[PDB]
């Protein structure tokens, strides 16, 4: 925040056939200030994909034994990811890398073509260990259904 950097949360891309299970990464980049908080929502086409798993990269998201990485899929077509350092000091994100992995199940009767994975830019939150805004930026991904 003193650096006035813009942290980017990006969703990756993946291709798969109808009925396949596909993995797409979520990445954080341009990290400078140690990140203690991340809130982000990812929108997806529910008629085409079913969320199977949303798992963290433990080589970057530490202290997952104390619920530092929370996933919410209670809303159709939306994945809410919340990262928080439970200690407010010991387990920040301080390097660029993969934050989590999204596993989708492609509906067997899904149509071929791209389907965007959209990061809601109005709800994206990134803050330092004392909950002070870090400038954020969203980058969308997608799933390409092959036919």
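Numbering follows the first chain given and starts at 1.
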**Asked** Of 105-113 and 42-50, which one has the bigger average CA B-factor?
**Response** 105-113
**Prompt:** Mean CA B-factor: is it higher for 59-67 or for 84-92?
**Reply:** 59-67
**Request:** Classify residue 131 as lowest, middle or highest third according to the C-alpha B-factor given in the PDB entry, relative to its own chain.
**Result:** middle
**Prompt:** Where does residue 137 sit by CA temperature factor within its chain: lowest, middle or highest third?
**Reply:** highest
**Message:** Sorting by Cα B-factor within the chain, modelled residues only, which third would residue 21 end up in: lowest, middle or highest?
**Reply:** middle
**Request:** Place residue 31 in the lowest, middle or highest third of its chain's C-alpha B-factors, as listed in the PDB entry.
**Result:** highest
**Message:** How does the C-alpha B factor of residue 74 compare with the rest of the chain: lowest, middle or highest third?
**Reply:** highest
